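Asker: Encoded as structure tokens, here's the structure I'll be asking about.
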Amino acid sequence: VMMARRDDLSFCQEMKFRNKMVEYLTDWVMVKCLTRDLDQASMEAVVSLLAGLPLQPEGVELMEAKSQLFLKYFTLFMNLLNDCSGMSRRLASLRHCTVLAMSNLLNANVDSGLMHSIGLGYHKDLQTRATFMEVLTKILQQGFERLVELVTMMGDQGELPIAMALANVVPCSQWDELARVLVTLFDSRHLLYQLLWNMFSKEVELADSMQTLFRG
Amino acid sequence: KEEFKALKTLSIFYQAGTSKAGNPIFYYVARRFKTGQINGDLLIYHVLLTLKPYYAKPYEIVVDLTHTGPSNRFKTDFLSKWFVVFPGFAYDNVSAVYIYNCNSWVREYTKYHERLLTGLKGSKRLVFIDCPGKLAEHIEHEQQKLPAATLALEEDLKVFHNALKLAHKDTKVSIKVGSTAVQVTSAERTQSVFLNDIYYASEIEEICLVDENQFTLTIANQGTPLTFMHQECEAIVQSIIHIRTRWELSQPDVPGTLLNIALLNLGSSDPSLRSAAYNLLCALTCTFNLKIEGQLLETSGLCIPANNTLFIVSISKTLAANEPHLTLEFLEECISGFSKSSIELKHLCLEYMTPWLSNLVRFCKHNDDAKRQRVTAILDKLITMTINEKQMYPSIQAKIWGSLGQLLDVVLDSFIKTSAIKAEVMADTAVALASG
Amino acid sequence: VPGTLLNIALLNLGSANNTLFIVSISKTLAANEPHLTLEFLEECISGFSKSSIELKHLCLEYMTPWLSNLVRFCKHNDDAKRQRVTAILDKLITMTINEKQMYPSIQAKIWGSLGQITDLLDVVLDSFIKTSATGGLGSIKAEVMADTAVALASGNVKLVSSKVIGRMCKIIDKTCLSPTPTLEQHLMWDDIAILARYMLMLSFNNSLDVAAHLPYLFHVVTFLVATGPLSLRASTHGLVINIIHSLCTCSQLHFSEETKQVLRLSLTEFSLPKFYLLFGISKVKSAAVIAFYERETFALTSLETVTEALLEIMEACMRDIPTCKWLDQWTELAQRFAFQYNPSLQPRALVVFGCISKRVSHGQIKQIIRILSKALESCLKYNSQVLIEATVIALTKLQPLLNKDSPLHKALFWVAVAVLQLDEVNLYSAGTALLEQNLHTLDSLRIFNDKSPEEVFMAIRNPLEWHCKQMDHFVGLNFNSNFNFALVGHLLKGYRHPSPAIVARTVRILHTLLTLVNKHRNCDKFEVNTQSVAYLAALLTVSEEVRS
């Protein structure tokens, strides 16, 4: 939960903190039922901790140490998936989570990870292979499909259906940047007047009297 | 805290000198900023706390773009952040921005981020400096404070004029050879400006004379070799080899791997694995621009059959023609995957391997001892597979050893040295090899 | 003896390596001495099946060239020669099913070579299909045969796929030659299911194929879309996904970035859970996994949704390809099945015909409303109801096409009323869709601007009045006495409807009618009067505008 909220929280040394947290929780990754729930929970936490996490040991040696630390976490996850290879579903959930742990670990750490990751690609388990290949897919197109037309689409009588529906459902907190997003976008395509004509019309329409107009 | 005192040690931004209009001058040294290594916000703050005592009054900036590349870029969100962080008057009080050694990459960067740079287009405050001499028309010589590493590039140059850079459109260039680098200077490119692409000896991975009039440079991390035409190519190449060698003597002491894992997995009995593999093949094709017939479309949920061998094979040999540089990298990883596989996946590996074998001659025609060694190691691993994988063995002989028969000293020495069931298999395999 | 001894010789020649020499001799004799082929391939498979896996690899290698000659024997059409080639193909098929670890080898070399050979492919396919027929869907014999069928296509794609798809279309037509009430029960169900299996496997290779086929494949989708056991449904979803992907990349086509973007977004749309429910897939993460009963008792509204999406795919493409006949062929194929009597398929076809069509005639509408009537006669005597729902959906899609001066627009309002009177949940949904679209149609035709809806619809009743009196007196609603309240009586049942979507449609219809009744007066829409009041009272639980 803390990692989900990480976008809200403040960190002096976030990367080091998350690194040290994976290091600690990975020790737990090993009554039998509860220890297996601990494995699941630990791995779900580790999947959250690994999500855009560059690794950091405690310069050229630092990249090699980072690679050695990658190899430790990665090998431990591999062992856990080999051990996997209601009792059945818990094991499959642990396996799926483990695969996502590898995935996230790779997605951040590309320079340390790719060589060992090919070793995942060989691995006897087809489900893990497939998921790992989708991870590779993320890296390789990372380093047009960006259709904003749907936002600037105008219906008959100039409805702007997407923006008007987006205007009445987005929380009031993000209203301050929604105006920034729509104004810059429509102005970039010479449709600024269409956006203003639609939004201004809705205000006067619902305004009770002339003194309520655009006040507040 | 302590990580911020570190930027001042990098000196990507420093004050130095006064212009001929009586304004303080500041240098941004683009190549010293490495995106992803320093906190953008930190660098910005350092630039602020550098300009704070001055940016109320007029001031000038020198942007040294010498050797600026992708590794020095401002990411989209970082770029735009530069145009809003400062007080409005700070932007207004820049009377001159001198741009030094702009290059092809920065130019490309300029066009890619056209949207955020619109205000800079045709701006009168951006003065692109034609050559190191014109900086004096704005700054007294004794006032100029470019980094010493920039000034070093300007001395004892061997200059080859009127070369031609070959590309979709050929461009007129000068090729200059200095003791530590090659500089390729272009004629007016779009303001109209002279570009200066800089290639340090350390990044010149290969140099190849094609004709008496043409040569190529392979630059580390740039994929596609640069190709030049000039009547004095023999001499240009000789001087660049000399510079690369000097650098060497002074030193103290993915496509292939992923393509195999895609192709081999397309074979699988698992349906999700096939779809995933197919998307990986698509991604590799796009990322590495791999030229393919019967075009490939990325998408979720594409329910590919299990028997697709003729499709995997077609992709493989089309790739084997189109993408020969992969061949060593690819074949070695395939043969490793052979040892991992089921018999069905082993068989499939042979079919798709078969086209690739033909390319191996290119690598022993190449004079690199490492590439000759890697071909030899591939042949050793092909032998190792041939010995181990007995069920396959008549089929392996037919596909692999017949095609290889079409190197053959190296092949026979590999057979003999491995023999020195291993020896019997090499004798029996030599029958196939002889058919070629 | 010639083929027997030559097989013995080539087999024992390997029994060690000389494999390419054996193949060279095999090639040479195959070219030179073709009569040997009949005996030789029969003897090959006999020796192959007895031999070790190492010998089996060797055996297939020497078999590879011979296959070419198998056409010679077939040209004659006398039984004995054609029969022994057909037996050779069945033996090669049997061999393919048996040797699960020879499996890519057999397919690449034996089936890839056979894939070259056009003439034989009808014999090969009937051998595959009869092999699949041995147990139908779920028989491993059929399952492997489908996976193998891609190999057949790989050499001469267009002819193989044309024969597979052609058999599918012809067999779907054959269902109508001897109808059954329900398709899954049909005398030819297994034959369809087998070909659907092949079509999934082929569909990824159809990335080479689609340009001639695309209509026929959607014709197959149309009948199959959510039918049968869940694996066949998953297959049929996959069939469409793979076809859309194939349309995004066929090297023969040249679609625009807009058309390609439409297809890319269509793949995305077909990948959504919405489309899974349309295809009668529920309770699954990935259609692919299941592709390699809890029938949602099929809702025609789901087929309507699929068909318009496939229509938007086809239309986008047809702008770019002006030289195609695809939508016209689909129109003809759907039309044929919509009009012909076949209880299982005819409803589905009617829905599709209506959705896809770009023109219609009063003679086609006559056939549809005659089908509606005959389906209601069959209700005197479930399938009938699905046919009624289909005809009403068809009328919905067809009525925007009808000519601006046609009486039929006004007539279809009463068809909708009669349908609502039936009291069946899906029929009422369909009748309200028909009615909703009918009132949009008549308003787009300006017809209300000088007349009340009451006058317009009651005029069409006047000839009918002798019949209508008997309907109204058995319904216990009488439009002659008060039109607006009778129409509202029908609409009020729409508020009961189990689906919130049909309630909201019913509300839109009431709002439309309210507006229309006042439109001929030139009043405000909420002006209460002897005609508007019924709609206002109906709207009273549902409209904040009416309430205020």
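Labeling convention for the structure tokens: chains A, B, ... as they appear, residues from 1 per chain, ligands from 1 in order of appearance.
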Define the interface residues of chain A facing chain B as those within 9 Å, counting only C-alpha atoms, and report them as a ChimeraX atom specification.

Answerer: /A:114-115,118,121-124,126-134,136-138,140-143,188

Asker: Deliver the residues from the most recent selection as a file, using N, CA, C and O atoms, as a compact mmCIF listing (two decimals), in the first residue's frame.

Answerer:
# COMPACT_ATOMS: atom_id res chain seq x y z
N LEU A 114 19.56 -7.46 -18.87
CA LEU A 114 19.21 -8.10 -20.14
C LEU A 114 19.89 -9.45 -20.33
O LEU A 114 19.21 -10.40 -20.69
N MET A 115 21.18 -9.59 -20.02
CA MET A 115 21.88 -10.85 -20.24
C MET A 115 21.29 -11.98 -19.39
O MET A 115 20.88 -13.02 -19.92
N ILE A 118 17.76 -13.20 -20.64
CA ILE A 118 17.74 -14.18 -21.72
C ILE A 118 17.69 -15.58 -21.12
O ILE A 118 16.97 -16.45 -21.62
N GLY A 121 14.30 -16.32 -20.66
CA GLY A 121 13.69 -16.65 -21.95
C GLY A 121 13.81 -18.12 -22.33
O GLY A 121 12.87 -18.71 -22.87
N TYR A 122 14.93 -18.74 -22.01
CA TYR A 122 15.11 -20.18 -22.16
C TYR A 122 14.22 -21.01 -21.24
O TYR A 122 13.92 -22.15 -21.57
N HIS A 123 13.87 -20.51 -20.05
CA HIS A 123 13.45 -21.30 -18.88
C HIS A 123 12.29 -22.27 -19.17
O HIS A 123 11.46 -22.00 -20.03
N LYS A 124 12.26 -23.43 -18.50
CA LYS A 124 11.34 -24.54 -18.83
C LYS A 124 9.85 -24.14 -18.76
O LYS A 124 9.03 -24.73 -19.45
N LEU A 126 6.65 -22.18 -19.66
CA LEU A 126 6.12 -21.41 -20.79
C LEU A 126 5.40 -20.13 -20.36
O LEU A 126 5.54 -19.09 -21.01
N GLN A 127 4.66 -20.15 -19.26
CA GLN A 127 3.89 -19.00 -18.80
C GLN A 127 4.84 -17.87 -18.40
O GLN A 127 4.68 -16.70 -18.78
N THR A 128 5.88 -18.23 -17.66
CA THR A 128 6.90 -17.27 -17.25
C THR A 128 7.58 -16.71 -18.47
O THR A 128 7.66 -15.49 -18.59
N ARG A 129 7.95 -17.55 -19.45
CA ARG A 129 8.58 -17.08 -20.69
C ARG A 129 7.72 -16.03 -21.35
O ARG A 129 8.19 -14.93 -21.61
N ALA A 130 6.44 -16.32 -21.54
CA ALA A 130 5.55 -15.42 -22.25
C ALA A 130 5.52 -14.06 -21.58
O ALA A 130 5.71 -13.02 -22.22
N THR A 131 5.35 -14.06 -20.26
CA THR A 131 5.27 -12.80 -19.54
C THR A 131 6.58 -12.05 -19.68
O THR A 131 6.55 -10.89 -20.04
N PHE A 132 7.72 -12.71 -19.49
CA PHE A 132 9.03 -12.10 -19.63
C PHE A 132 9.21 -11.45 -21.00
O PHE A 132 9.74 -10.35 -21.12
N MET A 133 8.70 -12.08 -22.05
CA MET A 133 8.77 -11.55 -23.41
C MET A 133 7.94 -10.26 -23.54
O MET A 133 8.37 -9.29 -24.17
N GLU A 134 6.78 -10.17 -22.89
CA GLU A 134 6.05 -8.90 -22.79
C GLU A 134 6.88 -7.85 -22.05
O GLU A 134 6.90 -6.69 -22.46
N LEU A 136 10.24 -7.64 -22.12
CA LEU A 136 11.18 -7.27 -23.16
C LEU A 136 10.52 -6.32 -24.16
O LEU A 136 11.12 -5.33 -24.56
N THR A 137 9.26 -6.58 -24.49
CA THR A 137 8.48 -5.72 -25.38
C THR A 137 8.44 -4.30 -24.84
O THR A 137 8.70 -3.37 -25.59
N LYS A 138 8.22 -4.12 -23.53
CA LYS A 138 8.25 -2.78 -22.91
C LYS A 138 9.61 -2.12 -23.06
O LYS A 138 9.66 -0.96 -23.47
N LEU A 140 12.13 -2.72 -25.27
CA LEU A 140 12.56 -2.49 -26.64
C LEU A 140 11.84 -1.40 -27.43
O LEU A 140 12.49 -0.71 -28.20
N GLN A 141 10.44 -1.22 -27.13
CA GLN A 141 9.86 -0.02 -27.75
C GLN A 141 10.10 1.31 -26.95
O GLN A 141 9.99 2.40 -27.50
N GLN A 142 10.52 1.19 -25.68
CA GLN A 142 10.88 2.34 -24.83
C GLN A 142 12.20 2.91 -25.37
O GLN A 142 12.27 4.11 -25.65
N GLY A 143 13.24 2.09 -25.52
CA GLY A 143 14.55 2.52 -26.05
C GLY A 143 15.70 1.56 -25.75
O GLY A 143 15.79 0.97 -24.67
N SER A 188 -3.04 24.02 -29.95
CA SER A 188 -2.04 23.45 -30.84
C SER A 188 -2.64 23.01 -32.17
O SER A 188 -1.90 22.87 -33.15

Asker: Quick one: contact table of chain C to chain A, 10 Å max, nearest atom pair and distance in Å to one decimal per residue, counting only C-alpha atoms, chain and number order, as a Markdown table?

Answerer:
| residue | atom | partner | partner_atom | distance |
| --- | --- | --- | --- | --- |
| C:257 | CA | A:144 | CA | 9.1 |
| C:261 | CA | A:145 | CA | 8.0 |
| C:264 | CA | A:145 | CA | 9.1 |
| C:265 | CA | A:145 | CA | 9.8 |

Asker: Any chance you can output those residues with N, CA, C and O atoms as a PDB file, in the first residue's frame?

Answerer:
ATOM      1  N   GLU C 257      -2.997   5.454 -43.359  1.00  0.00           N
ATOM      2  CA  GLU C 257      -2.808   5.568 -41.908  1.00  0.00           C
ATOM      3  C   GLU C 257      -4.127   5.711 -41.164  1.00  0.00           C
ATOM      4  O   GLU C 257      -4.257   5.155 -40.089  1.00  0.00           O
ATOM      5  N   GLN C 261      -5.182   2.901 -38.658  1.00  0.00           N
ATOM      6  CA  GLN C 261      -5.489   3.316 -37.294  1.00  0.00           C
ATOM      7  C   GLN C 261      -6.859   2.802 -36.856  1.00  0.00           C
ATOM      8  O   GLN C 261      -6.985   2.260 -35.763  1.00  0.00           O
ATOM      9  N   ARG C 264      -6.304  -0.817 -36.057  1.00  0.00           N
ATOM     10  CA  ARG C 264      -5.555  -0.918 -34.790  1.00  0.00           C
ATOM     11  C   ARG C 264      -6.487  -0.718 -33.589  1.00  0.00           C
ATOM     12  O   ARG C 264      -6.535  -1.514 -32.647  1.00  0.00           O
ATOM     13  N   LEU C 265      -7.304   0.326 -33.652  1.00  0.00           N
ATOM     14  CA  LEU C 265      -8.305   0.613 -32.633  1.00  0.00           C
ATOM     15  C   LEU C 265      -9.380  -0.466 -32.617  1.00  0.00           C
ATOM     16  O   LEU C 265      -9.817  -0.865 -31.549  1.00  0.00           O
TER      17      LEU C 265
END

Asker: Near chain C, which residues of chain B fall within 9 Å when you count only C-alpha atoms, and what do they look like as a PDB file with C-alpha atoms, in the first residue's frame?

Answerer:
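iface-v9.pdb written:
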ATOM      1  CA  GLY B 267       6.902 -22.820 -31.817  1.00  0.00           C
ATOM      2  CA  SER B 269       2.418 -25.775 -27.450  1.00  0.00           C
ATOM      3  CA  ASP B 270       1.347 -22.847 -25.163  1.00  0.00           C
ATOM      4  CA  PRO B 271      -1.003 -20.377 -26.964  1.00  0.00           C
ATOM      5  CA  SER B 272      -0.266 -17.382 -24.733  1.00  0.00           C
ATOM      6  CA  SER B 275       1.009 -14.569 -28.901  1.00  0.00           C
ATOM      7  CA  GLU B 293       8.123  -9.529 -45.982  1.00  0.00           C
ATOM      8  CA  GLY B 294       4.452 -10.406 -45.106  1.00  0.00           C
ATOM      9  CA  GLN B 295       4.354  -7.520 -42.689  1.00  0.00           C
ATOM     10  CA  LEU B 296       4.159  -7.791 -38.903  1.00  0.00           C
ATOM     11  CA  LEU B 297       1.519  -6.138 -36.684  1.00  0.00           C
ATOM     12  CA  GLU B 298       1.769  -5.752 -32.869  1.00  0.00           C
ATOM     13  CA  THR B 299      -1.363  -6.678 -30.898  1.00  0.00           C
ATOM     14  CA  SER B 300      -2.850  -8.392 -27.816  1.00  0.00           C
ATOM     15  CA  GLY B 301      -4.881 -11.626 -27.969  1.00  0.00           C
ATOM     16  CA  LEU B 302      -3.725 -12.737 -31.464  1.00  0.00           C
ATOM     17  CA  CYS B 303      -4.452 -16.473 -31.392  1.00  0.00           C
ATOM     18  CA  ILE B 304      -1.576 -17.942 -33.442  1.00  0.00           C
ATOM     19  CA  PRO B 305      -1.638 -21.713 -34.328  1.00  0.00           C
ATOM     20  CA  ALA B 306       0.857 -24.158 -32.792  1.00  0.00           C
ATOM     21  CA  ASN B 307       2.024 -25.457 -36.153  1.00  0.00           C
ATOM     22  CA  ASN B 308       3.487 -22.264 -37.614  1.00  0.00           C
ATOM     23  CA  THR B 309       6.921 -23.710 -38.563  1.00  0.00           C
ATOM     24  CA  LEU B 310       6.708 -22.547 -42.198  1.00  0.00           C
ATOM     25  CA  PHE B 311       5.933 -19.000 -40.964  1.00  0.00           C
ATOM     26  CA  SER B 342      12.103 -30.450 -26.122  1.00  0.00           C
ATOM     27  CA  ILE B 343      12.658 -32.599 -29.306  1.00  0.00           C
ATOM     28  CA  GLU B 344       9.867 -30.616 -31.048  1.00  0.00           C
ATOM     29  CA  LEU B 345      11.523 -27.287 -30.242  1.00  0.00           C
ATOM     30  CA  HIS B 347      13.602 -29.740 -34.607  1.00  0.00           C
ATOM     31  CA  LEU B 348      12.082 -26.297 -35.096  1.00  0.00           C
ATOM     32  CA  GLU B 351      14.605 -25.440 -39.611  1.00  0.00           C
ATOM     33  CA  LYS B 390      21.088 -38.411 -31.354  1.00  0.00           C
ATOM     34  CA  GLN B 391      17.371 -38.669 -32.352  1.00  0.00           C
ATOM     35  CA  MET B 392      17.784 -35.540 -34.464  1.00  0.00           C
ATOM     36  CA  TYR B 393      21.190 -36.704 -35.754  1.00  0.00           C
ATOM     37  CA  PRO B 394      20.238 -37.903 -39.293  1.00  0.00           C
ATOM     38  CA  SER B 395      18.020 -34.829 -39.612  1.00  0.00           C
ATOM     39  CA  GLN B 397      23.207 -33.924 -40.768  1.00  0.00           C
ATOM     40  CA  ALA B 398      20.823 -33.281 -43.652  1.00  0.00           C
ATOM     41  CA  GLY B 402      24.789 -30.117 -45.895  1.00  0.00           C
ATOM     42  CA  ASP B 428      29.793 -39.850 -40.252  1.00  0.00           C
ATOM     43  CA  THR B 429      28.983 -36.095 -40.362  1.00  0.00           C
ATOM     44  CA  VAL B 431      29.868 -37.521 -45.344  1.00  0.00           C
ATOM     45  CA  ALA B 432      27.195 -34.795 -45.251  1.00  0.00           C
ATOM     46  CA  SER B 435      28.116 -33.265 -50.451  1.00  0.00           C
TER      47      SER B 435
END

Asker: By how many Å are CA of residue 112 in chain A and CA of residue 67 in chain A apart?

Answerer: 4.6 Å

Asker: Could you please write out, as a PyMOL selection string, every residue of range 209-271 of chain B that DSSP assigns to alpha helix (DSSP H)?

Answerer: chain B and resi 233-249+255-266+271

Asker: Which residues, written as a list in words, have at least one atom at most 12 Å from residue 197 in chain A, with only C-alpha atoms counted and residues fewer than 5 positions away on the same chain left out?

Answerer: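 Listing them by chain and then by number gives residues 157, 158, 159, 160, 164, 191, 192, 202, 203, 204 and 205 of chain A.
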
Asker: Take the residues that were just selected and, keeping N, CA, C and O atoms, output them as a CSV table (one decimal), in the first residue's frame.

Answerer:
chain,number,residue,atom,x,y,z
A,157,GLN,N,-23.2,19.7,-34.7
A,157,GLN,CA,-23.4,20.8,-33.9
A,157,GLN,C,-22.3,21.1,-32.9
A,157,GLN,O,-22.5,21.7,-31.8
A,158,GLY,N,-21.1,20.7,-33.2
A,158,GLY,CA,-19.9,20.9,-32.4
A,158,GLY,C,-20.0,20.5,-30.9
A,158,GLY,O,-20.0,21.4,-30.1
A,159,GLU,N,-20.2,19.2,-30.7
A,159,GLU,CA,-20.5,18.8,-29.3
A,159,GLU,C,-19.3,18.7,-28.4
A,159,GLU,O,-19.4,19.0,-27.2
A,160,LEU,N,-18.1,18.3,-29.0
A,160,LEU,CA,-16.9,18.0,-28.2
A,160,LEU,C,-17.3,16.9,-27.2
A,160,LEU,O,-17.3,17.2,-26.0
A,164,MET,N,-16.4,17.2,-22.9
A,164,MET,CA,-17.6,17.5,-22.0
A,164,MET,C,-17.9,16.4,-21.1
A,164,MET,O,-18.2,16.7,-19.9
A,191,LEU,N,-8.1,24.9,-32.7
A,191,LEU,CA,-9.5,24.7,-32.3
A,191,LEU,C,-9.8,25.4,-30.9
A,191,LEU,O,-10.7,24.9,-30.2
A,192,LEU,N,-9.0,26.4,-30.5
A,192,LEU,CA,-9.2,27.0,-29.2
A,192,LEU,C,-10.6,27.6,-29.1
A,192,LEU,O,-11.2,27.6,-28.1
A,202,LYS,N,-21.9,26.3,-21.7
A,202,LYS,CA,-22.5,25.5,-20.6
A,202,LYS,C,-22.6,26.3,-19.3
A,202,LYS,O,-23.5,26.1,-18.5
A,203,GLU,N,-21.7,27.3,-19.1
A,203,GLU,CA,-21.7,28.1,-17.9
A,203,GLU,C,-23.0,29.0,-17.9
A,203,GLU,O,-23.8,28.9,-16.9
A,204,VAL,N,-23.1,29.8,-18.9
A,204,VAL,CA,-24.3,30.7,-19.0
A,204,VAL,C,-25.5,29.9,-19.0
A,204,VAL,O,-26.5,30.3,-18.3
A,205,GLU,N,-25.5,28.7,-19.6
A,205,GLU,CA,-26.7,27.9,-19.7
A,205,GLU,C,-27.2,27.5,-18.3
A,205,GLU,O,-28.4,27.7,-18.1
